[PDB]
Amino acid sequence: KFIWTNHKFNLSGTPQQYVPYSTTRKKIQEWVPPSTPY
Amino acid sequence: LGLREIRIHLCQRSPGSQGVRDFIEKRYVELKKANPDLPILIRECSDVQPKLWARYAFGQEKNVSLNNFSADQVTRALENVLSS
Amino acid sequence: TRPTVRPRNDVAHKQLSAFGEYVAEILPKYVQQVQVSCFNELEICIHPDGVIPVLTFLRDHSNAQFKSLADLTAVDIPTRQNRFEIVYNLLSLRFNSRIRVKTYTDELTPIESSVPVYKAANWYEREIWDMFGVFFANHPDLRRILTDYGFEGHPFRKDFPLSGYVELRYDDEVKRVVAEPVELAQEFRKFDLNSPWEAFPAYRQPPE
Amino acid sequence: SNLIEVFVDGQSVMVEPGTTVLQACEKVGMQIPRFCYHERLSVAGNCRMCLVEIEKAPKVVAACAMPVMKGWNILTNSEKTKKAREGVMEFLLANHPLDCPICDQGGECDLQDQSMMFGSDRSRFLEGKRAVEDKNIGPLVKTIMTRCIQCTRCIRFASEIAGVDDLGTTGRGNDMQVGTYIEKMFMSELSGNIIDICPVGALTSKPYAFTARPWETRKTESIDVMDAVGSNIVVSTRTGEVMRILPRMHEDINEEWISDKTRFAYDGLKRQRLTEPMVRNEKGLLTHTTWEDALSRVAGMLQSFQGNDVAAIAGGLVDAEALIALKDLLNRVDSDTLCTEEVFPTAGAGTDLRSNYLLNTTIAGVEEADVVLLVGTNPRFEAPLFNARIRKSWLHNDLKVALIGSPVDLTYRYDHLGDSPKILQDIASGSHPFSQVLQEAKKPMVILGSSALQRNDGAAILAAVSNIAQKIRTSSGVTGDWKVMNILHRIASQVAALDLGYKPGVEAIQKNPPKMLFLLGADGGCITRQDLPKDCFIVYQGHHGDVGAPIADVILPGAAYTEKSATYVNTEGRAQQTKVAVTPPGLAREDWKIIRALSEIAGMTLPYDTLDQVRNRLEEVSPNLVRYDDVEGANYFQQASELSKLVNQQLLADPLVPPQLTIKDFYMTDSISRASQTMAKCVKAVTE
Amino acid sequence: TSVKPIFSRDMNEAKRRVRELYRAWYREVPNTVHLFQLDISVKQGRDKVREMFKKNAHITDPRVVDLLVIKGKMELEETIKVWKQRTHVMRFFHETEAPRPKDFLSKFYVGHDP
Amino acid sequence: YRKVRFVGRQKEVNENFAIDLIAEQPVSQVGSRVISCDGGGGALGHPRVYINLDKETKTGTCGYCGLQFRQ
Amino acid sequence: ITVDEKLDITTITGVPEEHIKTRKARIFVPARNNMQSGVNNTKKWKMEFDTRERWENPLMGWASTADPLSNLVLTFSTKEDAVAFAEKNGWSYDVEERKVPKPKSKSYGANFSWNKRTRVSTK
Ligand code: SF4
Ligand code: SF4
Ligand code: FES
């Protein structure tokens with residue numbers, strides 16, 4: 001287990017080229033303004 | 001307006017400035033025994049040319065100097081501005 | 001101690017004490033220090049005056065040949081108050097030995113070319129003018145080798161931040177390949193490896 | 001004349017009769033490896049990793065505790081010593097389980113920078129390794145006791161300096177643990193400072209717990225301002241953010257010690273923070289506007305008001321370089337009536353000559369002092385390092401103590417003299433004793449706080465206590481000069497914010513209704529909008545949002561204490577300049593550069609741009625704020641001893657009480673504390 | 001300071017020198033401006049030369065004023081010949097690089113803490 | 001704002017997650033005091049580390065290993 | 001020989017660019033990381049400059065930067081020869097001071113005492 005069944009390739013656009021991204025949680029957590037009341 | 005404040009700078013040594021140190025002995029307790037409003041300022045050391053400073057008229061600085069004086073020379077040098 | 005520790009040899013260390021004893025004997029106008037590297041090599045600390053002179057004595061003699069010039073180089077040390085350093089390095093073909101000649105300097109003080117003594121310091125002196133900035137006078141030619149035509153910084157000295165000051169990139173807005181200030185895609189992380197406790201007692205700096 | 005010569009490694013060196021081997025062999029530049037020995041603590045013998053080998057005697061001694069007699073030959077490096085230091089540090093690697101990937105000290109530990117350089121090569125054991133079990137103490141100290149080389153450097157410290165006696169040694173033989181027999185959690189100030197002590201990774205810090213190893217960081221020295229004594233700290237930066245902070249081992253203030261609050265409080269620095277300018281809008285609407293926009297909003301409104309109708313008050317941790325740019329600007333429109341948030345009662349002094357205004361005998365004075373009387377304060381939770389700078393000196397030589405009012409829990413044996421303001425007076429002559437004891441004292445000392453001085457009768461106790469200092473000093477009064485009467489503050493930047501000449505106490509606004517205020521104070525509950533007249537606007541300036549963020553007109557951001565090169569002052573009147581670390585987030589800018597770009601867009605344009613043209617101005621208005629860390633000789637309280645006797649005001653009657661009692665209020669006080677979410681974890685582990 | 005100077009002695013032969021190679025530059029800007037087939041107003045080429053020689057003005061010393069020369073004496077080797085291909089030259093006049101504010105309030109809206 | 005980069009690119013992300021995949025393990029027991037945690041097979045796995053389970057009911061899985069472990 | 005004595009305070013100009021007058025260097029003795037007791041990381045007076053902004057790079061989060069010095073630490077051997085290299089290259093600077101402990105007086109065997117107040121238990 002924990003390994004595949006068939007296979008894949010190295011393809012140029014498959015459409016899926018995987019085009020990596022960032023894997024992390026946010027950073028500074030900006031402030032929320034207060035709601036409707038004065 | 002003025003005036004506003006008076007800052008007597010001095011030095012701890014180079015006794016050539018000692019008049020100021022002596023001026024406190026002479027007129028401070030007495031000089032400021034009146035004027036219970038003005039907040040004259042003794043700050044520490046310019047080490048050289050113990051320039052007296054004063055500030056008034058929207059924060060314009062006027063700096064007299066002193067280098068080597070006697071005791072009463074400065075006592076009369078202060079009312080130069082203080083009368084005005 | 002024997003199995004893993006490099007076995008020493010004494011004979012090589014007796015002679016290079018002698019033969020170097022007396023080149024502080026016969027040219028005292030110049031040589032200001034000499035010593036023996038524990039591995040059986042010599043270092044002759046020489047004033048900047050003799051450079052053409054001393055080699056010329058080392059150039060020919062029947063007691064010291066030193067015809068083969070191998071490696072000229074430099075080192076640049078701040079907090080030596082005279083920055084740079086030279087190190088000449090010469091092999092004497094008959095007597096099988098290496099004797100290196102250290103001569104200090106600054107940027108402003110010139111040093112005089114060795115080129116008529118050996119013709120193989122022709123390049124090694126063109127280079128150093130590029131890198132560190134030392135200026136060798138009376139040199140048949142002085143030019144720019146190892147570096148591009150733009151570097152005005154003289155890199156290998158210790159003030160050049162590793163990435164130089166101008167990255168390069170080509171743009172099609174006209175037809176050239178032009179130069180815009182350096183903008184990286186990663187910080188070049190600075191790690192910090194220097195561990196405490198002073199593991200070397202023998203080199204222990206003066207007590208102070 | 002009283003010294004010995006002893007040859008270390010065949011080199012002569014002089015040593016006072018009664019220094020040990022280790023303090024000699026340091027003088028010539030060697031470290032005998034160390035485990036249980038440490039300077040500031042006491043000494044015991046149970047590491048056995050320093051074995052020096054004496055010359056001509058078959059035994060091998062230990063260089064921690066044993067004197068040095070007429071000259072031995074102290075032989076560090078031979079084939080005898082190297083037979084021991086290799087043979088101990090293969091013992092204490094017998095049980096030391098296979099951490100170091102993940103032991104959070106894994107980059108500094110001393111089972112690591114010994115046992116490569118000194119000592120062994122590989123191991124022969126081959127099977128074994130007890131593993132005991134951990135427990136918990138508090139939400140700081142994290143405890144894996146599987147390790148414990150058992151120097152017993154955490155234990156001799158509790159019974160020592162921070163006087164809380166809890167930790168113990170429970171057991172016999174191969175098995176003894178350390179942590180406490182019962183379940184008692186161990187919590188106090190300075191006792192978050194252990195985790196410098198323990199040489200291996202037994203005790204490691206909670207909030208930091210897993211974030212970064214220590215070869216990656218960047219040590220940029222700094223100074224901590226939440227409070228009087230300051231510090232000397234050192235920050236750290238990974239990616240351009242703060243990770244954790246240490247002490248810097250200054251030799252007077254912070255011996256090696258940093259307090260607890262100044263350590264775990266970096267954590268509310270990146271939490272809730274105002275990153276922009278925010279415009280006014282008329283409603284409860286408050287919105288973000290481009291930097292240029294809400295600058296002029298308040299620019300013109302200065303061209304309206306004039307005279308005392310516009311007054312600014314800055315009471316907080318603000319620097320000593322935004323206490324000029326703001327003073328000269330608001331004083332070049334000739335409107336002053338400005339003070340700080342604090343309250344310093346004044347009669348005939350309090351600015352001039354200062355003499356009573358700062359702590360006179362420095363921290364390093366206490367070490368010599370003999371008789372002490374301190375009143376109206378709980379020195380423990382304000383300036384926590386002036387406390388234990390008594391404690392260590394209360395021990396190690398004799399010292400006497402007395403407090404006035406509300407007996408609290410301190411760490412050492414004092415005695416409550418009396419509780420009321422009305423006790424001070426009768427001590428002028430003989431009554432309610434000491435009577436001669438302050439009188440017979442060779443170096444008396446008296447310490448008044450900022451909590452008691454802040455009463456409504458305040459100008460009396462200042463003048464009532466000064467008398468007893470005059471009472472003694474006029475006799476001799478010490479030897480000698482040896483100044484006596486002195487004060488201690490609890491607030492971060494005041495002695496700067498004051499002896500620049502900014503009048504003490506918030507009154508000058510309390511008499512009239514000035515329309516336009518600038519709040520740098522700012523979070524004290526002193527001035528409200530109800531107390532103000534009609535909606536004429538106050539402009540908040542500062543980094544946080546705590547209280548006074550909503551009640552305000554137009555706000556402007558700023559940089560905290562780690563982002564700006566500033567100048568603070570501690571209560572001996574030194575000058576310590578914090579240094580840049582992270583560059584401030586979003587759009588916020590430095591404070592004294594937000595003044596001059598308020599000036600030029602308005603009428604007057606102040607006479608400087610760069611920093612050095614700020615401090616020359618700091619140099620005119622004061623001489624000693626550019627003298628970094630030197631205590632200049634001044635007494636000058638004779639002439640103010642009499643002149644402050646001018647007014648005759650007498651006391652109130654009511655027992656003195658400090659604001660802080662036992663703990664829970666120590667944490668959330670200033671600004672950053674309040675928003676620090678870990679304090680929010682150790683405040684609820686107090687109540688229950 | 002005692003060290004041998006390079007070429008000059010004090011300030012005069014030195015400031016005869018900087019006057020000198022000026023003309024080698026001033027006489028030859030343009031032969032290149034047709035040679036590389038680079039197009040500019042030939043007077044630009046005579047503004048830059050005079051823009052640079054006025055730059056380092058505060059120099060108080062020989063062996064500095066000789067040092068700068070040894071650089072300046074070189075360039076006329078490369079440029080009066082062709083060792084550069086159009087793109088080692090034109091880099092003097094920076095075409096692409098967006099302007100710097102250099103004023104105050106133009107900074108304060110773009111960029112942190114210069 | 002940031003989110004326009006993977007438009008049409010299908011955004012590789014991790015189908016399984018180990019955030020907790022651990023708790024499904026039949027947390028073991030021994031009947032003894034201290035144990036040897038060398039995991040995943042001899043000489044492939046974390047360095048040997050011995051942990052004490054004496055609490056009441058807990059264990060301790062050494063933190064390299066993760067695999068829920070107790071008596 | 002052309003010895004030609006004179007005095008002109010050594011300075012050098014043109015090699016860096018605007019970073020001559022903009023910055024302020026600093027000369028300081030490193031403080032000993034306190035998590036460990038090793039005293040050998042002291043003893044050399046280095047220098048290191050001011051820190052300017054590191055921002056975030058909006059693709060990954062590497063913190064990319066300008067300020068091309070930012071990472072240099074030279075190591076000098078002493079103060080007399082410390083300032084030697086700021087003037088000679090001509091930029092502004094500042095100085096800190098070295099620190100070493102009190103003498104001090106510590107004696108085991110004073111820990112068991114008749115009338116003294118220093119008497120330890122469970123050491
Ligand atoms: S804790 Fe100290 S000893 Fe145990 S592993 Fe980490 S470093 Fe090695
Ligand atoms: S913490 Fe680790 S080292 Fe410090 S005492 Fe307890 S066990 Fe020994
Ligand atoms: S270091 Fe030797 S006794 Fe602790």
# chains A, B, ... in the order shown; residues from 1 in each chain; ligands from 1
call {"tool": "residues_around", "arguments": {"residues": "residue 65 of chain B", "least_positions_apart": "2", "cutoff": "8 Å", "atoms": "only C-alpha atoms", "output": "list in words"}}
result
residues 49, 50, 51, 52, 63 and 67 of chain B
call {"tool": "write_last_selection", "arguments": {"atoms": "N, CA, C and O atoms", "output": "compact mmCIF listing (two decimals), in the first residue's frame"}}
result
# COMPACT_ATOMS: atom_id res chain seq x y z
N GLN B 49 32.47 76.36 27.29
CA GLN B 49 31.57 77.49 27.10
C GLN B 49 30.21 77.19 27.71
O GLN B 49 29.24 76.92 26.99
N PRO B 50 30.09 77.22 29.01
CA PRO B 50 28.81 76.91 29.63
C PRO B 50 27.73 77.89 29.23
O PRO B 50 27.23 78.67 30.04
N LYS B 51 27.35 77.82 27.96
CA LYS B 51 26.38 78.73 27.39
C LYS B 51 25.11 78.71 28.22
O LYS B 51 24.52 77.65 28.42
N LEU B 52 24.68 79.86 28.69
CA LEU B 52 23.33 79.97 29.20
C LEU B 52 22.38 80.10 28.02
O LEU B 52 22.70 80.76 27.03
N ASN B 63 21.12 82.32 23.00
CA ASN B 63 22.21 81.73 23.77
C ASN B 63 23.30 82.75 24.09
O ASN B 63 24.10 83.11 23.22
N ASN B 67 32.59 82.11 29.96
CA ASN B 67 33.74 81.23 29.88
C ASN B 67 34.53 81.18 31.18
O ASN B 67 34.66 80.11 31.77
call {"tool": "residues_around", "arguments": {"residues": "segment 81-92 of chain C", "least_positions_apart": "3", "cutoff": "8 Å", "atoms": "only C-alpha atoms", "output": "PyMOL selection string"}}
result
(chain C and resi 64-78+95-107+132) or (chain G and resi 81+84-85)
call {"tool": "write_last_selection", "arguments": {"atoms": "C-alpha atoms", "output": "PDB file, in the first residue's frame"}}
result
ATOM      1  CA  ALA C  64      70.634  29.156  -3.987  1.00  0.00           C
ATOM      2  CA  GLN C  65      69.246  28.725  -7.500  1.00  0.00           C
ATOM      3  CA  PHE C  66      65.471  29.440  -7.311  1.00  0.00           C
ATOM      4  CA  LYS C  67      64.907  29.805 -11.010  1.00  0.00           C
ATOM      5  CA  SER C  68      61.292  28.522 -11.149  1.00  0.00           C
ATOM      6  CA  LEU C  69      58.606  30.978 -10.128  1.00  0.00           C
ATOM      7  CA  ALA C  70      55.476  28.994  -9.351  1.00  0.00           C
ATOM      8  CA  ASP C  71      52.775  30.989  -7.592  1.00  0.00           C
ATOM      9  CA  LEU C  72      52.314  34.703  -6.983  1.00  0.00           C
ATOM     10  CA  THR C  73      49.232  35.501  -4.932  1.00  0.00           C
ATOM     11  CA  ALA C  74      47.763  37.840  -2.345  1.00  0.00           C
ATOM     12  CA  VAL C  75      45.789  37.976   0.910  1.00  0.00           C
ATOM     13  CA  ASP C  76      43.879  40.978   2.170  1.00  0.00           C
ATOM     14  CA  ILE C  77      43.613  41.543   5.888  1.00  0.00           C
ATOM     15  CA  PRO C  78      41.689  44.321   7.636  1.00  0.00           C
ATOM     16  CA  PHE C  95      68.217  21.861  -4.383  1.00  0.00           C
ATOM     17  CA  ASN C  96      64.611  20.612  -4.125  1.00  0.00           C
ATOM     18  CA  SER C  97      62.991  23.168  -1.871  1.00  0.00           C
ATOM     19  CA  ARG C  98      60.271  25.789  -1.532  1.00  0.00           C
ATOM     20  CA  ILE C  99      60.931  29.225  -0.046  1.00  0.00           C
ATOM     21  CA  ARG C 100      58.161  31.846   0.057  1.00  0.00           C
ATOM     22  CA  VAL C 101      58.699  35.588   0.300  1.00  0.00           C
ATOM     23  CA  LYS C 102      56.113  37.743   2.077  1.00  0.00           C
ATOM     24  CA  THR C 103      55.980  41.493   1.448  1.00  0.00           C
ATOM     25  CA  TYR C 104      53.331  43.821   2.769  1.00  0.00           C
ATOM     26  CA  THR C 105      51.855  46.935   1.259  1.00  0.00           C
ATOM     27  CA  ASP C 106      48.897  49.270   1.104  1.00  0.00           C
ATOM     28  CA  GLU C 107      46.624  50.446  -1.692  1.00  0.00           C
ATOM     29  CA  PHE C 132      42.517  43.876  -4.968  1.00  0.00           C
TER      30      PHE C 132
ATOM     31  CA  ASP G  81      43.763  49.391  15.511  1.00  0.00           C
ATOM     32  CA  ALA G  84      42.056  52.509  11.990  1.00  0.00           C
ATOM     33  CA  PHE G  85      39.860  51.096   9.288  1.00  0.00           C
TER      34      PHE G  85
END
call {"tool": "residues_around", "arguments": {"residues": "residue 438 of chain D", "least_positions_apart": "3", "cutoff": "9 Å", "atoms": "only C-alpha atoms", "output": "tab-separated table (two decimals) with N, CA and C atoms, in the first residue's frame"}}
result
chain	number	residue	atom	x	y	z
D	371	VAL	N	22.26	50.11	56.24
D	371	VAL	CA	20.89	50.18	56.75
D	371	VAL	C	19.99	50.74	55.66
D	372	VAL	N	18.85	50.10	55.44
D	372	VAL	CA	17.92	50.49	54.39
D	372	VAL	C	16.52	50.62	54.97
D	373	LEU	N	15.81	51.65	54.55
D	373	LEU	CA	14.39	51.83	54.85
D	373	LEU	C	13.70	52.26	53.57
D	434	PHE	N	14.05	52.54	65.56
D	434	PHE	CA	15.30	52.86	64.89
D	434	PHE	C	15.95	54.03	65.52
D	435	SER	N	15.18	55.08	65.76
D	435	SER	CA	15.46	56.13	66.72
D	435	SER	C	16.91	56.63	66.78
D	441	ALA	N	23.69	54.55	61.56
D	441	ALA	CA	23.99	53.84	60.33
D	441	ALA	C	25.13	54.52	59.59
D	442	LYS	N	26.09	53.72	59.14
D	442	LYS	CA	27.26	54.25	58.45
D	442	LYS	C	26.92	54.74	57.05
D	443	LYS	N	25.99	54.08	56.37
D	443	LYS	CA	25.62	54.43	55.01
D	443	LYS	C	24.11	54.29	54.82
D	444	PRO	N	23.32	55.08	55.53
D	444	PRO	CA	21.86	54.91	55.48
D	444	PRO	C	21.34	55.06	54.06
D	445	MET	N	20.12	54.59	53.86
D	445	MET	CA	19.50	54.69	52.55
D	445	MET	C	17.99	54.68	52.71
D	472	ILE	N	19.52	63.12	58.97
D	472	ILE	CA	20.75	62.35	59.13
D	472	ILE	C	21.91	63.05	58.46
call {"tool": "residues_near_ligand", "arguments": {"ligand": "ligand 2", "cutoff": "9 Å", "atoms": "only C-alpha atoms and all ligand atoms", "output": "list in words"}}
result
residues 143, 144, 145, 146, 147, 148, 149, 150, 151, 152, 153, 154, 155, 177, 178, 179, 194, 195, 197, 198, 199, 200, 201, 202, 203 and 204 of chain D
call {"tool": "write_last_selection", "arguments": {"atoms": "N, CA, C and O atoms", "output": "compact mmCIF listing (two decimals), in the first residue's frame"}}
result
# COMPACT_ATOMS: atom_id res chain seq x y z
N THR D 143 9.49 20.66 30.64
CA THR D 143 10.34 19.80 31.43
C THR D 143 10.35 18.40 30.83
O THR D 143 9.34 17.71 30.87
N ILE D 144 11.49 18.00 30.29
CA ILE D 144 11.76 16.60 30.02
C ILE D 144 12.91 16.22 30.93
O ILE D 144 14.04 16.62 30.69
N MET D 145 12.63 15.46 31.97
CA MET D 145 13.69 15.11 32.89
C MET D 145 14.39 13.85 32.51
O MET D 145 15.11 13.30 33.33
N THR D 146 14.13 13.33 31.32
CA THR D 146 14.89 12.17 30.90
C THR D 146 16.37 12.48 30.81
O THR D 146 17.20 11.57 30.83
N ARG D 147 16.72 13.77 30.76
CA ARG D 147 18.10 14.14 30.47
C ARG D 147 18.90 14.50 31.72
O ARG D 147 19.60 13.64 32.25
N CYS D 148 18.78 15.71 32.24
CA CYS D 148 19.39 15.92 33.56
C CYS D 148 20.78 15.36 33.78
O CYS D 148 20.89 14.34 34.46
N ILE D 149 21.86 15.95 33.27
CA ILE D 149 23.16 15.48 33.72
C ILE D 149 23.35 15.66 35.21
O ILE D 149 24.38 15.28 35.74
N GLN D 150 22.39 16.31 35.87
CA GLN D 150 22.33 16.46 37.33
C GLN D 150 23.53 17.21 37.87
O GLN D 150 24.13 16.82 38.86
N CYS D 151 23.88 18.28 37.19
CA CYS D 151 24.80 19.21 37.79
C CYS D 151 24.30 19.71 39.12
O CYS D 151 25.10 19.93 40.02
N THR D 152 22.99 19.85 39.26
CA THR D 152 22.36 20.59 40.34
C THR D 152 22.72 22.06 40.26
O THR D 152 23.21 22.68 41.20
N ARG D 153 22.54 22.59 39.06
CA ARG D 153 22.59 24.02 38.88
C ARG D 153 21.22 24.67 38.85
O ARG D 153 21.14 25.89 38.97
N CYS D 154 20.13 23.93 38.72
CA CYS D 154 18.85 24.60 38.87
C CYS D 154 18.44 24.70 40.32
O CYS D 154 17.64 25.56 40.65
N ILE D 155 18.96 23.83 41.18
CA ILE D 155 18.52 23.75 42.57
C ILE D 155 19.23 24.74 43.45
O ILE D 155 18.64 25.29 44.38
N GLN D 177 15.46 12.02 41.12
CA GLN D 177 14.94 13.01 40.21
C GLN D 177 15.28 14.38 40.76
O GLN D 177 16.18 14.54 41.58
N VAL D 178 14.61 15.39 40.24
CA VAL D 178 14.80 16.75 40.72
C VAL D 178 13.47 17.39 41.06
O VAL D 178 13.28 17.94 42.14
N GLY D 179 12.55 17.39 40.11
CA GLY D 179 11.33 18.14 40.27
C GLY D 179 10.55 17.77 41.51
O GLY D 179 10.81 16.78 42.19
N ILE D 194 15.31 30.67 34.60
CA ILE D 194 16.15 29.50 34.77
C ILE D 194 16.80 29.06 33.49
O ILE D 194 17.99 28.75 33.49
N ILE D 195 16.11 29.12 32.38
CA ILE D 195 16.48 28.33 31.23
C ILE D 195 17.69 28.87 30.48
O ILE D 195 18.00 28.43 29.37
N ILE D 197 20.27 28.77 32.86
CA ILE D 197 21.09 27.98 33.77
C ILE D 197 21.38 26.60 33.21
O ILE D 197 22.54 26.23 33.04
N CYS D 198 20.36 25.83 32.94
CA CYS D 198 20.57 24.40 32.83
C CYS D 198 21.42 24.01 31.64
O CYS D 198 20.97 24.17 30.50
N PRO D 199 22.60 23.42 31.85
CA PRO D 199 23.58 23.30 30.78
C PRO D 199 23.18 22.37 29.69
O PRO D 199 23.69 22.51 28.59
N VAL D 200 22.32 21.39 29.95
CA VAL D 200 21.79 20.61 28.85
C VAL D 200 20.32 20.90 28.73
O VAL D 200 19.79 21.82 29.36
N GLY D 201 19.63 20.15 27.88
CA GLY D 201 18.31 20.55 27.45
C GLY D 201 17.15 20.10 28.30
O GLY D 201 16.04 19.97 27.78
N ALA D 202 17.37 19.82 29.58
CA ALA D 202 16.28 19.48 30.47
C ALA D 202 15.19 20.53 30.46
O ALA D 202 14.03 20.23 30.22
N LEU D 203 15.54 21.77 30.79
CA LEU D 203 14.59 22.88 30.92
C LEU D 203 14.62 23.77 29.68
O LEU D 203 15.57 24.53 29.49
N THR D 204 13.57 23.73 28.88
CA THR D 204 13.55 24.51 27.67
C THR D 204 12.22 25.27 27.55
O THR D 204 11.20 24.85 28.09
call {"tool": "residues_near_ligand", "arguments": {"ligand": "ligand 3", "cutoff": "10 Å", "atoms": "only C-alpha atoms and all ligand atoms", "output": "ChimeraX atom specification"}}
result
/D:22,32-38,42-51,62-65,150-153
call {"tool": "residues_near_ligand", "arguments": {"ligand": "ligand 1", "cutoff": "6 Å", "atoms": "only C-alpha atoms and all ligand atoms", "output": "ChimeraX atom specification"}}
result
/D:96-100,103,106,109,111,200-201
call {"tool": "write_last_selection", "arguments": {"atoms": "C-alpha atoms", "output": "short mmCIF file (atom, residue, chain, number, x, y, z; two decimals), in the first residue's frame"}}
result
data_model
loop_
_atom_site.label_atom_id
_atom_site.label_comp_id
_atom_site.auth_asym_id
_atom_site.auth_seq_id
_atom_site.Cartn_x
_atom_site.Cartn_y
_atom_site.Cartn_z
CA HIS D 96 21.62 10.59 27.83
CA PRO D 97 19.09 9.42 25.36
CA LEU D 98 19.42 9.76 21.69
CA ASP D 99 17.96 13.16 21.31
CA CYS D 100 19.73 15.85 19.35
CA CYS D 103 16.35 18.66 21.70
CA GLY D 106 20.56 21.19 20.03
CA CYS D 109 24.44 22.20 24.42
CA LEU D 111 27.26 17.66 26.18
CA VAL D 200 21.79 20.61 28.85
CA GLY D 201 18.31 20.55 27.45
#
call {"tool": "closest_atom_pairs", "arguments": {"of": "chain D", "to": "chain C", "cutoff": "12 Å", "atoms": "only C-alpha atoms", "output": "CSV"}}
result
residue,atom,partner,partner_atom,distance
D:9,CA,C:201,CA,11.4
D:11,CA,C:207,CA,11.4
D:13,CA,C:207,CA,11.0
D:25,CA,C:207,CA,10.8
D:26,CA,C:207,CA,9.4
D:27,CA,C:207,CA,7.4
D:28,CA,C:207,CA,5.2
D:29,CA,C:207,CA,5.6
D:30,CA,C:201,CA,7.7
D:31,CA,C:197,CA,7.6
D:32,CA,C:197,CA,9.9
D:33,CA,C:197,CA,8.7
D:34,CA,C:197,CA,10.6
D:76,CA,C:201,CA,10.2
D:77,CA,C:201,CA,8.9
D:107,CA,C:195,CA,9.2
D:108,CA,C:195,CA,8.3
D:109,CA,C:195,CA,10.6
D:110,CA,C:197,CA,10.0
D:112,CA,C:195,CA,10.2
D:113,CA,C:197,CA,7.1
D:114,CA,C:197,CA,7.9
D:115,CA,C:199,CA,10.9
D:116,CA,C:199,CA,9.2
D:117,CA,C:199,CA,5.7
D:118,CA,C:199,CA,7.8
D:119,CA,C:199,CA,11.4
D:213,CA,C:191,CA,10.4
D:214,CA,C:192,CA,8.0
D:215,CA,C:192,CA,4.5
D:216,CA,C:191,CA,4.9
D:217,CA,C:192,CA,7.7
D:218,CA,C:192,CA,8.7
D:219,CA,C:192,CA,10.6
D:237,CA,C:190,CA,11.3
D:238,CA,C:189,CA,9.5
D:239,CA,C:187,CA,9.1
D:240,CA,C:187,CA,10.6
call {"tool": "atom_distance", "arguments": {"atom1": "atom CA of residue 86 of chain D", "atom2": "atom CA of residue 123 of chain D"}}
result
11.8 Å
call {"tool": "closest_residue", "arguments": {"among": "D:507, D:134, D:669, D:643", "to": "residue 30 of chain B", "atoms": "only C-alpha atoms"}}
result
D:643
call {"tool": "residues_around", "arguments": {"residues": "residue 32 of chain F", "least_positions_apart": "6", "cutoff": "10 Å", "atoms": "only C-alpha atoms", "output": "count of residues only"}}
result
4
call {"tool": "closest_residue", "arguments": {"among": "F:9, F:60, F:66, F:47", "to": "residue 21 of chain F", "atoms": "only C-alpha atoms"}}
result
F:66
call {"tool": "closest_atom_pairs", "arguments": {"of": "chain E", "to": "chain G", "cutoff": "9 Å", "atoms": "only C-alpha atoms", "output": "Markdown table"}}
result
| residue | atom | partner | partner_atom | distance |
| --- | --- | --- | --- | --- |
| E:1 | CA | G:6 | CA | 4.5 |
| E:2 | CA | G:5 | CA | 4.7 |
| E:3 | CA | G:3 | CA | 6.5 |
| E:4 | CA | G:2 | CA | 6.3 |
| E:5 | CA | G:2 | CA | 8.5 |
| E:56 | CA | G:14 | CA | 8.0 |
| E:59 | CA | G:13 | CA | 8.2 |
| E:60 | CA | G:8 | CA | 8.1 |
| E:61 | CA | G:8 | CA | 7.3 |
| E:64 | CA | G:12 | CA | 7.4 |
| E:68 | CA | G:14 | CA | 8.8 |
| E:112 | CA | G:53 | CA | 7.0 |
| E:113 | CA | G:53 | CA | 7.2 |
| E:114 | CA | G:52 | CA | 7.9 |
call {"tool": "residues_around", "arguments": {"residues": "residue 66 of chain E", "least_positions_apart": "2", "cutoff": "7 Å", "atoms": "only C-alpha atoms", "output": "ChimeraX atom specification"}}
result
/E:6-8,14,62-64,68-70
call {"tool": "interface_residues", "arguments": {"of": "chain C", "to": "chain E", "cutoff": "10 Å", "atoms": "only C-alpha atoms", "output": "VMD selection string"}}
result
chain C and resid 107 to 111 135 to 137 142 to 144 148 to 150 152 171 173 to 181
